[PDB]
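As a starting point, one isolated chain is supplied in C-alpha coordinates, in the form deposited in one PDB entry.
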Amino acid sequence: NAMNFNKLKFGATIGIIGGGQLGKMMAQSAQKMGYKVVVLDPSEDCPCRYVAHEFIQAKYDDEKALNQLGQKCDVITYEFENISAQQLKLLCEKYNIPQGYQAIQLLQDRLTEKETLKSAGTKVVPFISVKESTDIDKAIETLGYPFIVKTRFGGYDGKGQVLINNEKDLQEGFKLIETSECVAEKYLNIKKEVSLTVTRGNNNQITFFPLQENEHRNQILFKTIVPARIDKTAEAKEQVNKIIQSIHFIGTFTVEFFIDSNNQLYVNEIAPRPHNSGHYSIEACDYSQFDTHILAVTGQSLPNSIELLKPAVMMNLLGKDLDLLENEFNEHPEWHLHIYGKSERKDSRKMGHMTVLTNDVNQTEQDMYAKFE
(Lines give C-alpha, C1' and ligand atoms only; values in the text may rest on other atoms or scores of the structure.)
Protein backbone atom coordinates (compact mmCIF):
# COMPACT_ATOMS: atom_id res chain seq x y z
CA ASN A 1 0.00 0.00 0.00
CA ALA A 2 1.71 3.15 -1.27
CA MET A 3 1.51 6.29 0.81
CA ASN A 4 2.71 8.13 -2.35
CA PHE A 5 1.57 7.32 -5.89
CA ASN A 6 1.25 8.57 -9.49
CA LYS A 7 0.20 12.16 -9.99
CA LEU A 8 -2.00 12.00 -13.11
CA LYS A 9 -2.67 15.09 -15.24
CA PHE A 10 -5.77 15.88 -17.20
CA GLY A 11 -5.89 13.80 -20.37
CA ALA A 12 -5.13 10.59 -18.47
CA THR A 13 -7.66 7.75 -18.40
CA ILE A 14 -9.60 6.57 -15.38
CA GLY A 15 -11.05 3.08 -15.21
CA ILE A 16 -14.24 2.42 -13.22
CA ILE A 17 -15.41 -1.00 -12.20
CA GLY A 18 -19.21 -0.68 -11.90
CA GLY A 19 -21.54 1.53 -13.93
CA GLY A 20 -24.31 2.24 -11.47
CA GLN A 21 -25.21 5.74 -10.51
CA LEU A 22 -22.15 6.10 -8.30
CA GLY A 23 -19.89 5.34 -11.28
CA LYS A 24 -21.95 7.76 -13.35
CA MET A 25 -21.43 10.63 -10.99
CA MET A 26 -17.68 9.81 -10.66
CA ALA A 27 -17.46 9.84 -14.48
CA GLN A 28 -19.26 13.21 -14.75
CA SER A 29 -16.73 14.75 -12.37
CA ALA A 30 -13.84 13.08 -14.17
CA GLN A 31 -14.98 14.39 -17.60
CA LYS A 32 -15.52 17.91 -16.23
CA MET A 33 -11.84 17.85 -14.97
CA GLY A 34 -10.61 16.59 -18.36
CA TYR A 35 -9.96 12.89 -17.61
CA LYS A 36 -11.17 10.21 -19.99
CA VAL A 37 -13.35 7.47 -18.59
CA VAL A 38 -13.52 3.74 -19.33
CA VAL A 39 -16.28 1.95 -17.47
CA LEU A 40 -16.85 -1.82 -16.89
CA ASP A 41 -20.29 -3.19 -16.04
CA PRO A 42 -22.21 -6.40 -17.02
CA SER A 43 -25.28 -4.40 -18.01
CA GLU A 44 -25.54 -2.51 -21.30
CA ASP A 45 -28.23 -0.31 -19.70
CA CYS A 46 -25.95 0.79 -16.87
CA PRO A 47 -26.45 4.53 -16.04
CA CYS A 48 -22.71 5.32 -16.53
CA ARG A 49 -22.52 3.99 -20.09
CA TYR A 50 -22.99 7.31 -21.89
CA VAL A 51 -20.74 9.42 -19.69
CA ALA A 52 -17.71 7.17 -20.54
CA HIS A 53 -15.32 7.33 -23.50
CA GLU A 54 -15.38 3.61 -23.58
CA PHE A 55 -17.73 0.93 -22.26
CA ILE A 56 -16.54 -2.61 -21.52
CA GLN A 57 -19.50 -4.96 -20.99
CA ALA A 58 -18.35 -7.83 -18.76
CA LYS A 59 -19.00 -9.42 -15.36
CA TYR A 60 -17.01 -8.26 -12.35
CA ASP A 61 -15.35 -11.71 -12.00
CA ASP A 62 -14.27 -11.70 -15.71
CA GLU A 63 -10.44 -11.64 -15.61
CA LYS A 64 -9.85 -10.98 -19.34
CA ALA A 65 -12.16 -7.96 -19.28
CA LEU A 66 -10.68 -6.55 -16.04
CA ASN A 67 -7.25 -6.82 -17.68
CA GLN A 68 -8.45 -5.01 -20.80
CA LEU A 69 -9.70 -2.31 -18.44
CA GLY A 70 -6.21 -2.07 -16.91
CA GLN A 71 -4.56 -1.95 -20.34
CA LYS A 72 -6.65 1.13 -21.23
CA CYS A 73 -6.33 3.12 -18.00
CA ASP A 74 -3.74 5.04 -16.03
CA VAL A 75 -5.64 4.53 -12.77
CA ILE A 76 -8.44 2.14 -11.78
CA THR A 77 -11.10 2.77 -9.13
CA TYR A 78 -14.29 0.94 -8.27
CA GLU A 79 -17.83 1.96 -7.69
CA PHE A 80 -19.14 -0.96 -5.64
CA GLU A 81 -17.76 -3.67 -3.29
CA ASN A 82 -18.86 -6.31 -5.83
CA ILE A 83 -15.49 -7.55 -7.13
CA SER A 84 -13.54 -10.40 -5.60
CA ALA A 85 -10.60 -9.40 -3.45
CA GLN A 86 -8.55 -12.08 -5.17
CA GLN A 87 -9.17 -10.63 -8.65
CA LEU A 88 -8.50 -7.10 -7.44
CA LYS A 89 -5.19 -8.14 -5.77
CA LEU A 90 -3.98 -9.51 -9.12
CA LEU A 91 -4.97 -6.18 -10.76
CA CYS A 92 -3.30 -3.97 -8.10
CA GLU A 93 -0.15 -5.91 -8.75
CA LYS A 94 -0.14 -5.21 -12.49
CA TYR A 95 -1.84 -1.80 -12.78
CA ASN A 96 -2.23 1.46 -10.84
CA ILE A 97 -4.92 1.15 -8.14
CA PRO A 98 -3.91 3.32 -5.19
CA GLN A 99 -7.03 2.07 -3.35
CA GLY A 100 -5.40 -1.40 -3.03
CA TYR A 101 -7.44 -4.54 -2.25
CA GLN A 102 -7.40 -4.54 1.56
CA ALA A 103 -10.38 -2.21 1.97
CA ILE A 104 -12.48 -4.37 -0.32
CA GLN A 105 -11.33 -7.75 1.03
CA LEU A 106 -12.01 -6.80 4.58
CA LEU A 107 -15.23 -4.79 4.17
CA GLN A 108 -16.94 -7.33 1.83
CA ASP A 109 -17.58 -9.64 4.71
CA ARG A 110 -19.54 -8.39 7.78
CA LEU A 111 -17.62 -10.65 10.20
CA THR A 112 -14.23 -9.41 8.99
CA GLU A 113 -15.59 -5.86 9.07
CA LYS A 114 -16.76 -6.18 12.68
CA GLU A 115 -13.54 -7.90 13.81
CA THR A 116 -11.39 -5.19 12.24
CA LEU A 117 -13.39 -2.40 13.86
CA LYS A 118 -13.11 -3.94 17.34
CA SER A 119 -9.44 -4.66 16.76
CA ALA A 120 -8.88 -1.00 15.74
CA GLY A 121 -10.36 -0.12 19.15
CA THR A 122 -13.49 1.55 17.74
CA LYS A 123 -16.86 1.31 19.53
CA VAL A 124 -18.60 -1.62 17.78
CA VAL A 125 -22.00 -3.15 18.57
CA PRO A 126 -21.33 -6.41 20.44
CA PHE A 127 -21.36 -9.18 17.85
CA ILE A 128 -20.91 -12.91 17.27
CA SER A 129 -20.51 -15.13 14.17
CA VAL A 130 -23.27 -17.63 13.39
CA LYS A 131 -22.84 -20.06 10.47
CA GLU A 132 -24.59 -23.05 12.04
CA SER A 133 -27.90 -23.88 13.77
CA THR A 134 -26.39 -24.13 17.29
CA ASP A 135 -24.37 -20.92 17.07
CA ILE A 136 -27.65 -19.09 17.65
CA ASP A 137 -27.82 -20.69 21.10
CA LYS A 138 -24.59 -18.77 21.70
CA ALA A 139 -26.14 -15.52 20.37
CA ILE A 140 -29.19 -15.64 22.67
CA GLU A 141 -26.71 -16.25 25.51
CA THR A 142 -24.01 -13.70 24.60
CA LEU A 143 -26.18 -10.80 23.35
CA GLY A 144 -29.73 -11.48 24.62
CA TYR A 145 -33.08 -10.27 23.28
CA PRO A 146 -33.36 -8.21 21.18
CA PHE A 147 -30.73 -8.99 18.50
CA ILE A 148 -30.44 -9.08 14.72
CA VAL A 149 -29.00 -11.66 12.29
CA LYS A 150 -27.36 -10.40 9.02
CA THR A 151 -25.93 -12.34 6.07
CA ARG A 152 -22.24 -11.67 5.96
CA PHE A 153 -21.85 -11.51 2.17
CA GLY A 154 -24.81 -10.45 0.03
CA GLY A 155 -26.54 -7.68 1.94
CA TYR A 156 -27.45 -4.30 0.67
CA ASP A 157 -30.23 -1.90 1.69
CA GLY A 158 -31.76 -3.87 4.61
CA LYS A 159 -31.79 -7.17 2.66
CA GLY A 160 -30.61 -10.41 4.28
CA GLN A 161 -31.42 -9.39 7.85
CA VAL A 162 -33.84 -10.90 10.40
CA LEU A 163 -34.75 -9.01 13.54
CA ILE A 164 -35.12 -11.33 16.51
CA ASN A 165 -37.19 -9.79 19.31
CA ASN A 166 -38.50 -12.91 21.13
CA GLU A 167 -38.07 -16.70 20.67
CA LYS A 168 -41.10 -16.67 18.33
CA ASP A 169 -38.71 -15.05 15.82
CA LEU A 170 -35.97 -17.74 15.95
CA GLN A 171 -37.96 -19.66 13.29
CA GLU A 172 -37.42 -16.92 10.68
CA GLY A 173 -33.71 -16.72 11.65
CA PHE A 174 -32.87 -20.43 11.20
CA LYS A 175 -34.42 -20.04 7.73
CA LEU A 176 -31.72 -17.46 6.84
CA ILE A 177 -28.79 -19.28 8.48
CA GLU A 178 -29.60 -22.54 6.65
CA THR A 179 -28.78 -20.68 3.40
CA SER A 180 -25.90 -18.34 4.35
CA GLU A 181 -23.19 -17.83 6.97
CA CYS A 182 -24.35 -15.00 9.21
CA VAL A 183 -23.46 -12.57 11.99
CA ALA A 184 -25.54 -11.58 15.02
CA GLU A 185 -25.28 -8.28 16.95
CA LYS A 186 -27.28 -6.49 19.68
CA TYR A 187 -30.44 -4.71 18.49
CA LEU A 188 -29.98 -1.22 19.93
CA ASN A 189 -32.44 1.48 20.83
CA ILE A 190 -31.17 4.05 18.29
CA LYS A 191 -32.25 7.71 18.42
CA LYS A 192 -30.22 9.03 15.47
CA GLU A 193 -28.05 7.66 12.68
CA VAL A 194 -25.21 9.69 11.23
CA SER A 195 -22.40 9.19 8.76
CA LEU A 196 -19.10 10.84 7.97
CA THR A 197 -17.89 10.97 4.38
CA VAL A 198 -14.08 11.22 4.05
CA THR A 199 -11.46 11.45 1.35
CA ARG A 200 -7.87 10.30 1.67
CA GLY A 201 -5.28 11.07 -0.94
CA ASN A 202 -1.60 11.31 -1.73
CA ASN A 203 1.02 11.64 1.00
CA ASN A 204 -1.45 11.04 3.84
CA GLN A 205 -3.80 13.88 2.90
CA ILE A 206 -7.32 13.64 4.39
CA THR A 207 -10.55 15.72 4.25
CA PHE A 208 -13.90 15.45 5.99
CA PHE A 209 -17.30 16.45 4.66
CA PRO A 210 -19.93 17.85 7.09
CA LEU A 211 -21.51 15.22 9.38
CA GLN A 212 -24.73 14.03 7.86
CA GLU A 213 -27.90 12.81 9.56
CA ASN A 214 -29.68 9.80 8.08
CA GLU A 215 -33.19 8.46 8.39
CA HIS A 216 -33.96 5.07 6.90
CA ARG A 217 -37.33 3.68 5.81
CA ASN A 218 -37.71 -0.08 5.50
CA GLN A 219 -33.96 -0.19 6.09
CA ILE A 220 -33.26 1.83 2.92
CA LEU A 221 -31.77 5.31 3.15
CA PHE A 222 -34.70 7.75 2.93
CA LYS A 223 -33.55 11.16 4.11
CA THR A 224 -30.18 12.84 4.79
CA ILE A 225 -30.00 16.19 6.57
CA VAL A 226 -26.92 18.33 6.72
CA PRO A 227 -25.67 19.60 9.01
CA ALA A 228 -26.57 16.71 11.34
CA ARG A 229 -28.73 18.14 14.19
CA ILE A 230 -26.64 16.25 16.80
CA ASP A 231 -23.04 17.19 17.60
CA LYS A 232 -20.89 14.10 17.01
CA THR A 233 -18.31 15.40 14.48
CA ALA A 234 -15.34 15.31 16.83
CA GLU A 235 -16.14 11.83 18.21
CA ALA A 236 -16.86 10.61 14.66
CA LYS A 237 -13.45 11.83 13.56
CA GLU A 238 -11.73 10.04 16.45
CA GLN A 239 -13.25 6.78 15.27
CA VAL A 240 -12.12 7.42 11.68
CA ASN A 241 -8.59 8.11 12.83
CA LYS A 242 -8.65 4.70 14.54
CA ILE A 243 -10.07 3.00 11.46
CA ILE A 244 -7.43 4.49 9.17
CA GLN A 245 -4.55 2.86 11.10
CA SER A 246 -5.97 -0.56 10.35
CA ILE A 247 -7.35 -0.28 6.77
CA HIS A 248 -5.83 1.51 3.83
CA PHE A 249 -8.19 4.04 2.20
CA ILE A 250 -7.57 6.19 -0.85
CA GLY A 251 -10.38 8.25 -2.45
CA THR A 252 -13.77 8.68 -0.77
CA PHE A 253 -15.12 6.28 1.87
CA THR A 254 -17.99 6.62 4.32
CA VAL A 255 -18.42 5.46 7.94
CA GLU A 256 -21.98 4.88 9.21
CA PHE A 257 -22.66 5.30 12.95
CA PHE A 258 -25.41 4.61 15.45
CA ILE A 259 -26.24 6.84 18.36
CA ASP A 260 -27.99 5.24 21.46
CA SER A 261 -31.10 6.20 23.36
CA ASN A 262 -28.30 7.26 25.74
CA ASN A 263 -26.29 9.35 23.24
CA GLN A 264 -23.64 6.63 22.83
CA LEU A 265 -21.75 6.42 19.49
CA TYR A 266 -21.10 3.11 17.75
CA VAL A 267 -19.50 2.46 14.37
CA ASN A 268 -21.96 0.44 12.28
CA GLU A 269 -20.25 -0.18 8.93
CA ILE A 270 -17.83 1.29 6.36
CA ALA A 271 -18.39 1.77 2.58
CA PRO A 272 -15.06 2.02 0.69
CA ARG A 273 -16.70 4.31 -1.88
CA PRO A 274 -18.79 7.42 -2.23
CA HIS A 275 -22.03 6.70 -0.41
CA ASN A 276 -25.73 7.50 -0.87
CA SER A 277 -25.62 9.79 2.18
CA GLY A 278 -23.06 12.02 0.43
CA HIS A 279 -25.02 12.94 -2.69
CA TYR A 280 -26.19 16.27 -1.20
CA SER A 281 -22.57 17.58 -1.44
CA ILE A 282 -23.02 18.07 -5.17
CA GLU A 283 -25.31 21.06 -4.60
CA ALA A 284 -24.50 22.04 -1.00
CA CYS A 285 -20.66 22.00 -0.72
CA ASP A 286 -17.82 23.71 -2.51
CA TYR A 287 -16.58 20.20 -3.48
CA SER A 288 -18.65 17.02 -3.90
CA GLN A 289 -17.67 13.58 -2.70
CA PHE A 290 -17.10 12.64 -6.36
CA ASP A 291 -14.85 15.64 -7.09
CA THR A 292 -12.60 14.76 -4.16
CA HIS A 293 -12.73 11.07 -5.16
CA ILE A 294 -11.18 11.91 -8.55
CA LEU A 295 -8.71 14.35 -7.02
CA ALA A 296 -7.58 11.64 -4.58
CA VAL A 297 -7.37 8.77 -6.98
CA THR A 298 -5.48 10.83 -9.61
CA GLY A 299 -3.03 11.78 -6.84
CA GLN A 300 -3.84 15.55 -6.68
CA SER A 301 -3.89 17.70 -3.54
CA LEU A 302 -7.18 17.61 -1.63
CA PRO A 303 -8.77 20.71 -0.14
CA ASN A 304 -7.98 20.91 3.58
CA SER A 305 -11.60 21.51 4.48
CA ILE A 306 -15.03 21.26 2.92
CA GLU A 307 -17.52 24.12 3.25
CA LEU A 308 -21.24 23.66 3.54
CA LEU A 309 -22.47 26.65 1.40
CA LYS A 310 -26.10 25.97 2.30
CA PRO A 311 -27.80 23.36 4.54
CA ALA A 312 -29.65 20.58 2.77
CA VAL A 313 -32.26 17.88 2.90
CA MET A 314 -31.74 15.10 0.45
CA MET A 315 -34.42 12.46 -0.36
CA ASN A 316 -33.81 9.22 -2.22
CA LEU A 317 -36.20 8.45 -5.07
CA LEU A 318 -37.16 4.77 -5.16
CA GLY A 319 -39.34 3.54 -8.06
CA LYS A 320 -42.41 4.00 -5.84
CA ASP A 321 -41.44 7.56 -5.04
CA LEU A 322 -41.44 8.30 -8.82
CA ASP A 323 -44.91 6.69 -9.07
CA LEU A 324 -46.15 9.11 -6.38
CA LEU A 325 -44.20 12.25 -7.34
CA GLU A 326 -43.02 12.40 -10.94
CA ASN A 327 -45.92 14.58 -12.11
CA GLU A 328 -45.06 17.21 -9.50
CA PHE A 329 -41.38 17.45 -10.54
CA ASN A 330 -41.84 20.14 -13.11
CA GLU A 331 -43.24 22.71 -10.68
CA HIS A 332 -40.43 22.22 -8.16
CA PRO A 333 -37.09 23.44 -9.47
CA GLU A 334 -35.99 23.72 -5.78
CA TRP A 335 -35.87 19.92 -5.69
CA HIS A 336 -32.65 19.79 -7.84
CA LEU A 337 -33.66 16.48 -9.29
CA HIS A 338 -31.15 13.74 -10.22
CA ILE A 339 -32.61 10.94 -12.34
CA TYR A 340 -30.12 8.19 -12.87
CA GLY A 341 -31.55 6.97 -16.16
CA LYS A 342 -32.15 3.30 -15.22
CA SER A 343 -34.57 1.73 -17.79
CA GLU A 344 -36.42 -0.68 -15.48
CA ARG A 345 -38.45 0.93 -12.72
CA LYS A 346 -39.02 -1.19 -9.55
CA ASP A 347 -40.67 -0.09 -6.32
CA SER A 348 -37.56 -0.19 -4.16
CA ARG A 349 -34.89 0.44 -6.79
CA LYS A 350 -33.01 3.73 -6.30
CA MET A 351 -33.96 5.63 -9.44
CA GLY A 352 -32.66 9.07 -8.50
CA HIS A 353 -32.55 11.59 -5.68
CA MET A 354 -33.47 15.15 -4.92
CA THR A 355 -31.58 17.72 -2.94
CA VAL A 356 -33.38 20.62 -1.39
CA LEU A 357 -31.16 23.48 -0.31
CA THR A 358 -32.73 25.21 2.67
CA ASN A 359 -32.12 27.71 5.45
CA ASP A 360 -34.77 26.05 7.57
CA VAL A 361 -33.97 22.36 7.70
CA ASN A 362 -36.60 21.50 10.32
CA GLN A 363 -39.36 23.01 8.20
CA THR A 364 -38.08 21.49 4.95
CA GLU A 365 -37.99 18.16 6.82
CA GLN A 366 -41.72 18.56 7.61
CA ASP A 367 -42.46 19.55 4.00
CA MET A 368 -40.84 16.31 2.80
CA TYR A 369 -42.62 14.07 5.36
CA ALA A 370 -45.94 15.32 4.02
CA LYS A 371 -44.74 14.93 0.44
CA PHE A 372 -43.53 11.30 0.71
CA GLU A 373 -46.78 10.31 2.60
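Heads up: residue numbers just count along the shown sequence, starting at 1. Note that the rigid core is defined as the largest set of C-alphas that superpose within 1.5 Å between two forms.
There is another form of this protein, the form deposited in another entry, and it is not shown here; the text below is about that form.
Only residue that shifts (Cα, 2 Å or more, rigid core superposed) between the shown form and the other one, among 135, 269, 74, 283: Looking at each option in turn, only one qualifies, and it is 135.
Classify residue 180 as shifted (yes) or not shifted (no) between the shown form and the other one, where shifted means its C-alpha moves by 2 Å or more with the rigid core superposed. Yes, residue 180 moves 2 Å or more.
After the core is overlaid between the shown form and the other one, has the C-alpha of residue 171 moved by 2 angstroms or more? Superposed on the core, residue 171 moves its C-alpha 2 Å or more between the shown form and the other one.
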